[PDB]
Amino acid sequence: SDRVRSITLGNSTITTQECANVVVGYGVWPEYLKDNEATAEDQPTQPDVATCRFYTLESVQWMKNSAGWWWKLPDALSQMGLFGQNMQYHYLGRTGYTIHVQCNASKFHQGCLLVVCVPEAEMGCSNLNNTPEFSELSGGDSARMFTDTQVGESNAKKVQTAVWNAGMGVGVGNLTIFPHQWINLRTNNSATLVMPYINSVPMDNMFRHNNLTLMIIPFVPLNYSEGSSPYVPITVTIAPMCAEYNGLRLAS
Amino acid sequence: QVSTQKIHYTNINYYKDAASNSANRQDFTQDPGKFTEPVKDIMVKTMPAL
Amino acid sequence: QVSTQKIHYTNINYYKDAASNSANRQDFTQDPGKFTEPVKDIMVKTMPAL
Amino acid sequence: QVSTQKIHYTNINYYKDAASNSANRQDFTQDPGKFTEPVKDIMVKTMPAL
Amino acid sequence: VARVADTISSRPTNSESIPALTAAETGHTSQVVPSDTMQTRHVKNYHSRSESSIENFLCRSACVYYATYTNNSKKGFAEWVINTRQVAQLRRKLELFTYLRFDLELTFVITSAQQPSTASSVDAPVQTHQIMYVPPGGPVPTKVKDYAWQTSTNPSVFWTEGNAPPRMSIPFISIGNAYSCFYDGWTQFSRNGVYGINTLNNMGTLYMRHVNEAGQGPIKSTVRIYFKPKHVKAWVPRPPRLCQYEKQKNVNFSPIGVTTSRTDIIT
Amino acid sequence: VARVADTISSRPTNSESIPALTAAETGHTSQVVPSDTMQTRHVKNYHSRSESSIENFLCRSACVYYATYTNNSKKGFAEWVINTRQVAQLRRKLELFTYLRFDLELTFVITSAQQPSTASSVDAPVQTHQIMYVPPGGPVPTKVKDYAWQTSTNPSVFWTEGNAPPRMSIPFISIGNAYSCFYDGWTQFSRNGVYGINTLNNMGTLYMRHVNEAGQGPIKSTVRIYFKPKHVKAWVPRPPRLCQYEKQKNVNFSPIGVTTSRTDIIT
Amino acid sequence: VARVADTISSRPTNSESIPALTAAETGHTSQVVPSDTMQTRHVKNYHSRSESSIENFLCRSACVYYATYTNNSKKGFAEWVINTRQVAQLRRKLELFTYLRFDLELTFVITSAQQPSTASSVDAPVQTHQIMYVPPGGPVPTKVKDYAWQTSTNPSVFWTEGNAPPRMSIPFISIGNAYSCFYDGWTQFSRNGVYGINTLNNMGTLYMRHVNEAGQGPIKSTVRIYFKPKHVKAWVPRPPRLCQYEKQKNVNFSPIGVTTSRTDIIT
Amino acid sequence: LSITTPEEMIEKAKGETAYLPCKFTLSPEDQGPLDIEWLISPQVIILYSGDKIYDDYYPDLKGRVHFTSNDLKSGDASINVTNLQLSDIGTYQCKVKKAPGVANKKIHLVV
Amino acid sequence: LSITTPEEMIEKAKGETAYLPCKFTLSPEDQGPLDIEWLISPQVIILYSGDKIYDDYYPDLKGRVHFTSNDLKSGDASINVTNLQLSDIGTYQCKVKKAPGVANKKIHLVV
Amino acid sequence: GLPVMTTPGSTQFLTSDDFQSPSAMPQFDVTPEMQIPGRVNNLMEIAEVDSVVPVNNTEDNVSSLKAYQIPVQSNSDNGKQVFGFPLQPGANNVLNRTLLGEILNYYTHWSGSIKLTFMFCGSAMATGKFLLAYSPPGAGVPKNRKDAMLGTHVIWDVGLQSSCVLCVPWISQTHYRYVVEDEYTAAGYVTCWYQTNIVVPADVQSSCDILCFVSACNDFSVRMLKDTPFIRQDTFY
Amino acid sequence: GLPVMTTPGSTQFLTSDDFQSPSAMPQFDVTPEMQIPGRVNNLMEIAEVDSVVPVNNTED
Amino acid sequence: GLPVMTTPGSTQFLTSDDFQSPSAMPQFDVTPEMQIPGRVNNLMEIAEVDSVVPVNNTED
């Protein structure tokens, strides 16, 4: 057929009977670092089975009056086993992710999602003088959410979570220029993207620079008649690919 | 050195750097195949997408 | 490049456009055969017009 | 006369002296072998110095 | 030549190859051409996409910042850190992309203005200005009558009035492989302090001052600075900024509707 | 070379081939040469029709419009929509044809004039003017101290006194394939409103202003604009305008006799 | 091209060839590369040492000395012996070596300043300056109104305001085969008198004056002189000067610690 | 800018409603803010500046004039003059000024 | 220069010690001498000019304020306000000026 | 001592000129480039990317995500109009802030054809048919389904697939068109009518929605670069 | 540093000169021409066309 | 009478430019060079030379 896929990595597997095609970044497939571009003076390490697998983040509920969700990418896997462990002892490191989000519904529900992965997503504070603090900008594999109301002004260090501006001050409609897929509960069941390493330096630290952001914005809100299941959860499972690190040090 | 315009025209480089040359204005090349169709399997126009 | 004048004269194009070249001044061609005699059948001079 | 830059570039000398030419900027040559290792017997890296 | 594609003729078909219906879920934009949903005539197309390229879209000068400094005063001199965040007609053209790489061509348009002098028979000769460029880390002057101005090996330019505006070219000066018009992530490993601040795009300062002395009456001047990105290459396009800018450091804003509204959906 | 034709000799004939009598009804102008109605000598003719061509008839600069703007005033600045209908010594040379196609070469002759200042010991440095060109649709400035001037990517030119007059070249900017110096027919499908108005020849505006500030005494300036149609090609000639123009939009007029008169038909 | 050397891969060895331990007594600096004490990846290196060469380090203009001279005064004119010892931002760049050899490119940035005149309706035309260069031994002028100025065959330059700054080139003028930025040893065979003084680097004087006369009000001017060592070759490098200079003749100083201090050896 | 009829003659009877129309179109070279005036020469009688109306200027005509259309930024500057009287004879000037264009309309009302 | 939080709201009880922090970092383009001020808007209360402290300026607060850190040239401009009272409500401005940068912090203290 | 003459146009600073210039730092060796993915090379690689159209403004669905949802419910009578808007992709208050709009708002003359992808984001058991018509200008807007099916139109059916790309053709006398709101170069109107009603089984919502995208065909082009009328500024930041 | 000398006749604006000039809009692609009928090429294609002569003026 | 146009950036003195210049003393014959030992050719022949590090400052 042409509806089924079977993705495997490391020692994990993802299978979906009903899904659309897979969108591969900007046309490039994630690979290691060639030696024309390398800048580190030493030799990097490559676990290659201990990290390249599918970690599963926490779940989120898709209520009728939902607004959105976002995860900061090389920060959400900070606590997932060997990836988070190699992310601490080293100093540099590049990766390439294979994001997969999955939300299933029956044939009697209706709704739609926009699964976009905006690179270098800089967000704006609620107060025009301050900037958002770390605690309210991201969470360890936890989903921060947008809102439908403009956040007030008396808040000191918070994020402006008005969804019609995507938090970045940009129009929410024009977000499709980035790689994306639509979760449409009519015909689609799962969206999957393959995002290479996008940054202006060959390697970078991973505790100070969240060089991606996976957003989910419900355009056509969920709706159903009385009787059907009132609880429809969403679950995203992210998997690094072609990872390597440099510069050993102590823990931090 | 000598090339065509929007007949011909002549250009000569004087200074001994690279950031001193004039603008190029003539790099006409595009490839939307990485923004329009960034999918893994090729999509043919006529046959349905599924 | 080098052409004749009203002896010779030399012209060199510098800018990389077409609306920047100097005036032509030397397109000497005329054809009044579309304003003087715009008729379907040829009219000979000597023989009468009817 | 014509040489490469940091493509090509053209230089012409006008005055009839030598202290009037422009700066060179392109004498790329080094030899630290007279400041780093100014010793009489050659010193190999691997084997000990004594 | 960068010509656009012409259109080919068609005939009224009746077949099972539907080009119209597709699946927009796949994130794959359509690729149909009008010759696939109606009858078209073979039209040769000579239009050209040359004046929409990157170097025809960016390589045009735009004012960035302008300061004033009086002659008859102590420390009458203008400083300015080099950044494109301040003017908004140019800031927005550089936010359409994330990683740019270009070399620059500055240009200064210096003007003067006679101040309300008080003595009689005021007459001053032509003026001469100096525009000193300090790399990030060099020593900075404190007043006009200072010895960091002359005895220096920084690049500076001397210009006098009534002539063509000065102009120098600056190559690609950065630590990475592209200027970053956006940077999400802190600058201290402890994740404290300022949020979107990066050393990657710093370029130094610009100190300007008079060269003449105070003859009889003050003279306030004014300098305007113009960029010109050449040899530019852009990466990772980005949607255009909608909400009005508020600060020069971060991207703060106030929420505003997507578009201006109309009276009814069918009008 | 564009030489004219010489004349060939003739002899006194007596035949049935009459070249003189023809029929002017056919709308076919005569084609006789003096060698057909009298005896002529073979005269080599070296005359040349070069200085009557189109590019020798049109490619000569002609003032179009000129405005004044004071320095010491708010919103002292001149605007002007680009059209050749206003001056009549050039308008008439462009009405001889219907569809023209040319690229342009502007030229501005800016002058100054000191106003009746009131303070003592007035002395101003050289001035600098800016001539901003706004395409049709861009944002227009409202006052001199405005931020649409610097932070802009429109084509503008900066010029200071005592130098050669500025000059830029403009290519063929139109929607059709030729400028229309005439257009009979309304501009609304309901056939209402203005009569002879066309979007085909619009070219934008021109905003000009001072760059210096108000030192001690006002300075009124003046700018004159000069066209120069190059590469021109003309189509569908037209009789020359007789009645005096009255407006810049339409072709209104008052009826006036064909020619000045004489005392009698035989004088 | 002057490229730096890349780094070659390595494997974990266990042998008797120790590259780390050496003997620093031999005055032979180490020569190890990181590929000899750890595992490295083969990194192609494209960095270039071009902008650290001698002619990219020295051939940049630097102010040396500047003097003022009034118009309305007797013997209002500036003299200066040619030496680089006076300004310290350039002196230190020339002490890094002992024997230099370069030809020069002067440049003068002359400015004016109207003095507090007393009459009414002061107005002066453009000024003209003369910069006379006297070789070591020639006749020197005593006042402005003197006949050693015109009737002379020394190299001089005439310059008027509002134009580009003058510039002349001077070849390598010395008695030896290199300028000596240091000379230990007296200058009299009896070993008396001044200590570090050498005839090897003398270059003459520089006399400057106005050319106009005293119209109605004094005008004090100012001239700044800029060097530019070209074709330079340096010999016998030298540690950089630490203690602050105190005089222009000798190298006197006051003792000062090696570096600024910290609170403890482990912080 | 361009007004459809820069001047005409209108005739109405006393006690009727007087229609003094003022239509216009917008050339492409017009992109500034909108301004509409109305004069009388027996003195402003109604303004439209900044998309808001200011129309208490002529004491003789209070409430006796008001714009007709609800799309005043589309080419409608007409006024609805009601209850015509004998002291309302005079030439009107519909002066509209959109940067950088200007156009007028001379309505000479006679009764 | 850059202050971590250009303005916030602080609440303390009367008779406690008031911490009004002022942190900053230094961009590479900053190489001039250091200057740190402190204002109050119910007037300088303490200065740091030339690596020396001058802090007898506000008679109402004598000794009741003093810097905390011993590395004031590292990004610490905080002040230790002790023994809070009722006449100490007002907005504070931590004005630091290192050539050629400038940054402020608006601490509005309420009790 | 070569003889030269200075032509008019000297000692001027043209804002859009291209000349050489003396280098400020000579022999600066830039850092070598890196193959960063996603390299744009012509701003017509952005007009090809779809972006949802806020076609439900209604003055209160604007400050929310409702501006992009097109109301489609199970009607009772046949032949009703769903939406409709004039097609001026630089001046209309609907196609203005889309990704095509902020590329067109920098140029003045455009050309080429435009596609309009629709996507029925409704339930999974519901069907229906819609008539997407594009009436070239000259007359008013069509007001009856009988009128709009006279122009160019597609009769969309919803099934397994969930889209239909009405491509408006390039039908205009001039080789280009202005982006400002003009009358001499209007570009027609776009409408969308009920072909047949929207039917649904029991226990399924009857209020469905539809999204609409916009993009350019492979023969788009622009000209005569200018600046945008959207972003203002009074002082520096 | 080429040596040049400026001859008289500089910095002047002759009304009927022909020189090159910097373009205001670079890389502007004009619209292709069309074979419009009736192309004049020399104003001596108008002197060849007959026109009636008002030879009865007589002031009324 | 060649036609020229003066581009912006004229009559300026850039501190780090490289142009030719008229000689002040023509036909000056410099003294021939000498093979003086210890010729540096790039300031990266000084970074290669060891120098002790004051790593015990301790303020006294």
# chains A, B, ... in the order shown; residues from 1 in each chain; ligands from 1
>>> interface_residues(of="chain J", to="chain C", cutoff="12 Å", atoms="only C-alpha atoms", output="number ranges by chain")
J: 17-19
>>> calpha_fit_and_write(fixed="chain L", moving="chain K", output="CSV table (one decimal) with N, CA, C and O atoms, in the first residue's frame")
chain,number,residue,atom,x,y,z
K,1,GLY,N,40.1,65.4,-23.8
K,1,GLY,CA,38.9,65.7,-23.0
K,1,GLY,C,38.1,64.5,-22.7
K,1,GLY,O,36.9,64.4,-23.0
K,2,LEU,N,38.7,63.5,-22.0
K,2,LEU,CA,38.0,62.3,-21.6
K,2,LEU,C,36.9,62.7,-20.6
K,2,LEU,O,37.1,63.6,-19.8
K,3,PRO,N,35.7,62.0,-20.7
K,3,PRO,CA,34.7,62.3,-19.7
K,3,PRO,C,34.8,61.3,-18.6
K,3,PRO,O,34.9,60.1,-18.7
K,4,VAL,N,34.8,61.9,-17.3
K,4,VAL,CA,34.9,61.1,-16.1
K,4,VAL,C,33.8,61.6,-15.2
K,4,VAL,O,33.3,62.7,-15.3
K,5,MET,N,33.5,60.8,-14.2
K,5,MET,CA,32.6,61.1,-13.1
K,5,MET,C,33.2,60.7,-11.8
K,5,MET,O,33.8,59.6,-11.7
K,6,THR,N,33.0,61.6,-10.8
K,6,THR,CA,33.7,61.4,-9.5
K,6,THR,C,32.7,60.7,-8.5
K,6,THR,O,31.7,61.2,-8.1
K,7,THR,N,33.0,59.4,-8.2
K,7,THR,CA,32.2,58.6,-7.3
K,7,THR,C,32.3,59.1,-5.9
K,7,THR,O,33.3,59.7,-5.5
K,8,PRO,N,31.3,58.8,-5.0
K,8,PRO,CA,31.5,59.1,-3.6
K,8,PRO,C,32.7,58.4,-3.0
K,8,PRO,O,33.0,57.3,-3.4
K,9,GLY,N,33.3,59.0,-2.0
K,9,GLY,CA,34.6,58.5,-1.5
K,9,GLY,C,35.8,59.2,-2.1
K,9,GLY,O,36.9,58.6,-2.1
K,10,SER,N,35.6,60.4,-2.6
K,10,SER,CA,36.7,61.2,-3.2
K,10,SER,C,37.2,62.2,-2.2
K,10,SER,O,36.4,62.6,-1.3
K,11,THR,N,38.4,62.7,-2.4
K,11,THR,CA,39.0,63.8,-1.5
K,11,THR,C,38.9,63.4,-0.1
K,11,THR,O,38.6,64.3,0.8
K,12,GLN,N,39.1,62.2,0.2
K,12,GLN,CA,39.1,61.7,1.6
K,12,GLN,C,40.4,61.0,1.9
K,12,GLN,O,41.1,60.6,1.0
K,13,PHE,N,40.8,61.0,3.2
K,13,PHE,CA,42.0,60.4,3.6
K,13,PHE,C,41.7,59.2,4.5
K,13,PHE,O,41.5,59.4,5.7
K,14,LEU,N,41.7,58.0,3.9
K,14,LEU,CA,41.5,56.8,4.7
K,14,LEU,C,42.9,56.5,5.3
K,14,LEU,O,43.9,56.4,4.7
K,15,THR,N,42.8,56.2,6.6
K,15,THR,CA,44.0,55.9,7.4
K,15,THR,C,44.8,54.7,7.0
K,15,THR,O,46.0,54.6,7.1
K,16,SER,N,44.1,53.7,6.4
K,16,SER,CA,44.7,52.5,6.0
K,16,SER,C,44.5,52.2,4.5
K,16,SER,O,44.2,51.1,4.1
K,17,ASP,N,44.8,53.2,3.7
K,17,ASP,CA,44.8,53.0,2.2
K,17,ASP,C,46.2,52.8,1.7
K,17,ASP,O,47.2,53.1,2.3
K,18,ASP,N,46.2,52.2,0.5
K,18,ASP,CA,47.5,51.9,-0.2
K,18,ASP,C,47.4,52.5,-1.6
K,18,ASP,O,46.8,51.9,-2.5
K,19,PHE,N,48.0,53.7,-1.8
K,19,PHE,CA,48.0,54.3,-3.1
K,19,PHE,C,49.5,54.7,-3.4
K,19,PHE,O,50.3,54.8,-2.5
K,20,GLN,N,49.7,55.0,-4.7
K,20,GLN,CA,51.0,55.6,-5.1
K,20,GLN,C,51.0,57.1,-4.8
K,20,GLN,O,50.0,57.7,-4.4
K,21,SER,N,52.2,57.6,-4.8
K,21,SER,CA,52.4,59.0,-4.4
K,21,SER,C,53.6,59.6,-5.1
K,21,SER,O,54.6,58.9,-5.4
K,22,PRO,N,53.6,60.9,-5.4
K,22,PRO,CA,54.7,61.5,-6.0
K,22,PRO,C,55.9,61.5,-5.1
K,22,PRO,O,55.8,61.8,-3.9
K,23,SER,N,57.1,61.3,-5.6
K,23,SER,CA,58.3,61.2,-4.8
K,23,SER,C,58.8,62.6,-4.5
K,23,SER,O,58.7,63.5,-5.2
K,24,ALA,N,59.3,62.7,-3.2
K,24,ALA,CA,59.8,64.0,-2.8
K,24,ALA,C,61.2,64.3,-3.3
K,24,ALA,O,61.6,65.4,-3.7
K,25,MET,N,62.1,63.2,-3.3
K,25,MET,CA,63.4,63.3,-3.8
K,25,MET,C,63.6,62.3,-5.0
K,25,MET,O,63.7,61.1,-4.7
K,26,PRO,N,63.6,62.7,-6.2
K,26,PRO,CA,63.6,61.8,-7.3
K,26,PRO,C,65.1,61.3,-7.6
K,26,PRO,O,66.0,62.0,-7.4
K,27,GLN,N,65.2,60.0,-8.0
K,27,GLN,CA,66.5,59.4,-8.3
K,27,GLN,C,67.4,59.3,-7.1
K,27,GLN,O,68.6,59.4,-7.2
K,28,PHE,N,66.8,59.2,-5.9
K,28,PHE,CA,67.6,58.9,-4.7
K,28,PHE,C,68.0,57.4,-4.8
K,28,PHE,O,67.2,56.5,-4.8
K,29,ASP,N,69.3,57.2,-4.7
K,29,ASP,CA,69.9,55.8,-4.7
K,29,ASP,C,70.1,55.4,-3.2
K,29,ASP,O,71.0,55.9,-2.6
K,30,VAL,N,69.3,54.5,-2.7
K,30,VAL,CA,69.4,54.0,-1.4
K,30,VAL,C,70.7,53.2,-1.2
K,30,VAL,O,71.3,52.7,-2.2
K,31,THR,N,71.2,53.1,0.0
K,31,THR,CA,72.3,52.3,0.3
K,31,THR,C,72.0,50.8,0.2
K,31,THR,O,70.9,50.4,0.7
K,32,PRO,N,72.9,50.0,-0.3
K,32,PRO,CA,72.5,48.6,-0.5
K,32,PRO,C,72.4,47.9,0.8
K,32,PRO,O,73.0,48.2,1.8
K,33,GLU,N,71.5,46.9,0.9
K,33,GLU,CA,71.1,46.2,2.1
K,33,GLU,C,72.3,45.3,2.5
K,33,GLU,O,73.2,45.0,1.8
K,34,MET,N,72.2,44.8,3.8
K,34,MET,CA,73.2,43.9,4.3
K,34,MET,C,72.5,42.8,5.0
K,34,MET,O,71.4,42.9,5.6
K,35,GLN,N,73.1,41.6,4.9
K,35,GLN,CA,72.5,40.4,5.5
K,35,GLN,C,72.7,40.4,7.0
K,35,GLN,O,73.5,39.7,7.6
K,36,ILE,N,71.8,41.2,7.6
K,36,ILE,CA,71.8,41.3,9.1
K,36,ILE,C,71.2,40.1,9.7
K,36,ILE,O,70.0,39.7,9.2
K,37,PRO,N,71.8,39.4,10.6
K,37,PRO,CA,71.1,38.1,11.1
K,37,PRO,C,69.9,38.4,12.0
K,37,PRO,O,69.7,39.5,12.5
K,38,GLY,N,69.0,37.4,12.0
K,38,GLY,CA,67.8,37.5,12.8
K,38,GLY,C,66.7,38.4,12.2
K,38,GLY,O,66.3,39.3,12.7
K,39,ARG,N,66.3,37.9,11.0
K,39,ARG,CA,65.3,38.7,10.2
K,39,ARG,C,63.9,38.1,10.5
K,39,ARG,O,63.6,37.0,10.1
K,40,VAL,N,63.1,38.8,11.2
K,40,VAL,CA,61.7,38.4,11.4
K,40,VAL,C,60.9,38.7,10.1
K,40,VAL,O,61.3,39.7,9.4
K,41,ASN,N,59.9,37.9,9.9
K,41,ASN,CA,59.1,38.1,8.7
K,41,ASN,C,57.6,38.0,8.9
K,41,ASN,O,56.8,38.2,7.9
K,42,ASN,N,57.2,37.7,10.1
K,42,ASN,CA,55.8,37.5,10.4
K,42,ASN,C,55.7,37.4,12.0
K,42,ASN,O,56.4,36.7,12.6
K,43,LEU,N,54.8,38.2,12.5
K,43,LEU,CA,54.8,38.3,14.0
K,43,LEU,C,54.4,37.0,14.6
K,43,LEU,O,54.3,36.9,15.9
K,44,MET,N,54.1,35.9,13.9
K,44,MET,CA,54.0,34.6,14.4
K,44,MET,C,55.3,33.9,14.5
K,44,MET,O,55.3,32.6,14.7
K,45,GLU,N,56.4,34.5,14.3
K,45,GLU,CA,57.7,34.0,14.7
K,45,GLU,C,58.1,34.6,16.1
K,45,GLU,O,59.3,34.4,16.5
K,46,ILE,N,57.2,35.3,16.7
K,46,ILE,CA,57.4,35.7,18.1
K,46,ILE,C,56.5,35.0,19.1
K,46,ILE,O,56.9,34.7,20.2
K,47,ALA,N,55.3,34.6,18.7
K,47,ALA,CA,54.5,33.8,19.5
K,47,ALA,C,55.0,32.4,19.8
K,47,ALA,O,54.5,31.7,20.7
K,48,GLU,N,56.0,32.0,19.0
K,48,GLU,CA,56.6,30.6,19.1
K,48,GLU,C,57.7,30.6,20.2
K,48,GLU,O,58.2,29.5,20.5
K,49,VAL,N,58.0,31.7,20.8
K,49,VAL,CA,59.1,31.8,21.7
K,49,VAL,C,58.6,31.8,23.1
K,49,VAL,O,57.8,32.6,23.5
K,50,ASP,N,59.1,30.9,23.9
K,50,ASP,CA,58.7,30.8,25.3
K,50,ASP,C,59.0,32.0,26.1
K,50,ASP,O,60.0,32.7,25.8
K,51,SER,N,58.2,32.2,27.1
K,51,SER,CA,58.4,33.3,28.0
K,51,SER,C,57.8,33.0,29.4
K,51,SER,O,56.6,32.5,29.4
K,52,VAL,N,58.5,33.2,30.5
K,52,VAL,CA,58.0,32.8,31.8
K,52,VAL,C,56.7,33.5,32.1
K,52,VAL,O,56.5,34.6,31.6
K,53,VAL,N,55.9,32.9,32.9
K,53,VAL,CA,54.5,33.4,33.2
K,53,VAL,C,54.5,33.9,34.6
K,53,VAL,O,54.8,33.1,35.5
K,54,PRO,N,54.1,35.1,34.9
K,54,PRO,CA,54.0,35.6,36.3
K,54,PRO,C,52.8,35.0,37.0
K,54,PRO,O,51.8,35.7,37.0
K,55,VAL,N,52.9,33.8,37.5
K,55,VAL,CA,51.7,33.1,38.0
K,55,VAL,C,51.7,33.0,39.5
K,55,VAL,O,51.1,32.1,40.1
K,56,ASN,N,52.3,34.0,40.2
K,56,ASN,CA,52.4,34.0,41.6
K,56,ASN,C,52.2,35.5,42.1
K,56,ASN,O,52.9,35.9,43.0
K,57,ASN,N,51.3,36.2,41.5
K,57,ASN,CA,51.2,37.7,41.7
K,57,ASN,C,51.0,38.0,43.2
K,57,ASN,O,51.9,38.6,43.8
K,58,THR,N,49.9,37.6,43.8
K,58,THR,CA,49.7,37.7,45.2
K,58,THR,C,49.9,39.1,45.8
K,58,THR,O,50.2,39.2,47.0
K,59,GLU,N,49.9,40.1,44.9
K,59,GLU,CA,49.8,41.5,45.4
K,59,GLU,C,51.1,42.0,46.1
K,59,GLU,O,51.2,43.2,46.3
K,60,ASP,N,52.0,41.1,46.4
K,60,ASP,CA,53.3,41.5,47.0
K,60,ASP,C,54.5,40.8,46.4
K,60,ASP,O,55.6,41.4,46.4
>>> select_by_dssp(residues="chain K", states="strand (DSSP E)", output="list in words")
residues 4, 5, 6, 39 and 40 of chain K
>>> write_last_selection(atoms="C-alpha atoms", output="PDB file, in the first residue's frame")
ATOM      1  CA  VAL K   4      44.840  63.674 -14.547  1.00  0.00           C
ATOM      2  CA  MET K   5      44.111  67.289 -15.438  1.00  0.00           C
ATOM      3  CA  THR K   6      40.662  68.870 -15.650  1.00  0.00           C
ATOM      4  CA  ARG K  39       5.993  53.195 -36.939  1.00  0.00           C
ATOM      5  CA  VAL K  40       7.490  56.552 -37.862  1.00  0.00           C
TER       6      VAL K  40
END
>>> atom_distance(atom1="atom CA of residue 59 of chain F", atom2="atom CA of residue 12 of chain C")
20.4 Å
>>> interface_residues(of="chain D", to="chain B", cutoff="7 Å", atoms="only C-alpha atoms", output="ChimeraX atom specification")
/D:5-6,8-11
>>> residues_around(residues="residue 33 of chain H", least_positions_apart="5", cutoff="12 Å", atoms="only C-alpha atoms", output="PyMOL selection string")
(chain F and resi 139-142) or (chain H and resi 48-51+73+96-101)
>>> write_last_selection(atoms="N, CA and C atoms", output="compact mmCIF listing (two decimals), in the first residue's frame")
# COMPACT_ATOMS: atom_id res chain seq x y z
N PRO F 139 5.12 54.38 0.92
CA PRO F 139 4.70 55.31 1.97
C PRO F 139 5.27 56.70 1.71
N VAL F 140 4.47 57.72 1.98
CA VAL F 140 4.88 59.09 1.70
C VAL F 140 5.18 59.80 3.02
N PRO F 141 6.19 60.65 3.07
CA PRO F 141 6.47 61.39 4.30
C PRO F 141 5.44 62.48 4.53
N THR F 142 5.33 62.89 5.79
CA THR F 142 4.40 63.94 6.18
C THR F 142 5.09 65.24 6.56
N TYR H 48 -13.53 66.20 7.89
CA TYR H 48 -13.31 64.77 8.05
C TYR H 48 -11.80 64.55 8.11
N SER H 49 -11.25 64.60 9.32
CA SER H 49 -9.81 64.50 9.51
C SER H 49 -9.51 63.40 10.52
N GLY H 50 -8.67 62.45 10.11
CA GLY H 50 -8.33 61.34 10.98
C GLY H 50 -9.45 60.34 11.16
N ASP H 51 -10.25 60.11 10.12
CA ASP H 51 -11.37 59.18 10.10
C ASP H 51 -12.46 59.55 11.09
N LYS H 73 -14.21 56.71 2.84
CA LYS H 73 -12.87 56.50 2.30
C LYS H 73 -12.90 55.79 0.94
N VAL H 96 -10.87 68.12 -1.09
CA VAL H 96 -10.34 66.87 -0.57
C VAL H 96 -8.84 66.83 -0.83
N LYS H 97 -8.07 66.42 0.18
CA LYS H 97 -6.61 66.51 0.12
C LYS H 97 -6.03 65.20 0.67
N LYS H 98 -5.65 64.31 -0.23
CA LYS H 98 -4.94 63.09 0.11
C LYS H 98 -3.53 63.18 -0.45
N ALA H 99 -2.54 63.03 0.42
CA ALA H 99 -1.15 63.20 0.00
C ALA H 99 -0.81 62.22 -1.12
N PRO H 100 -0.25 62.71 -2.24
CA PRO H 100 0.06 64.13 -2.43
C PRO H 100 -0.88 64.85 -3.38
N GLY H 101 -2.11 64.37 -3.53
CA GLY H 101 -3.03 64.92 -4.50
C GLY H 101 -4.03 65.87 -3.87
>>> residues_around(residues="residue 16 of chain F", least_positions_apart="5", cutoff="10 Å", atoms="only C-alpha atoms", output="PyMOL selection string")
chain C and resi 46-48
>>> residues_around(residues="residue 43 of chain D", least_positions_apart="6", cutoff="9 Å", atoms="only C-alpha atoms", output="count of residues only")
3
>>> atom_distance(atom1="atom CA of residue 20 of chain A", atom2="atom CA of residue 37 of chain J")
23.8 Å
>>> closest_atom_pairs(of="chain G", to="chain J", cutoff="12 Å", atoms="only C-alpha atoms", output="CSV")
residue,atom,partner,partner_atom,distance
G:1,CA,J:29,CA,10.8
G:2,CA,J:29,CA,11.1
G:3,CA,J:29,CA,10.8
G:44,CA,J:32,CA,11.3
G:45,CA,J:32,CA,9.8
G:46,CA,J:32,CA,7.3
G:47,CA,J:31,CA,7.6
G:48,CA,J:29,CA,6.7
G:49,CA,J:29,CA,8.4
G:50,CA,J:27,CA,6.4
G:51,CA,J:27,CA,5.6
G:52,CA,J:27,CA,9.3
G:53,CA,J:27,CA,9.9
G:55,CA,J:27,CA,10.4
G:56,CA,J:27,CA,7.6
G:57,CA,J:26,CA,10.5
G:59,CA,J:26,CA,10.4
G:60,CA,J:25,CA,10.2
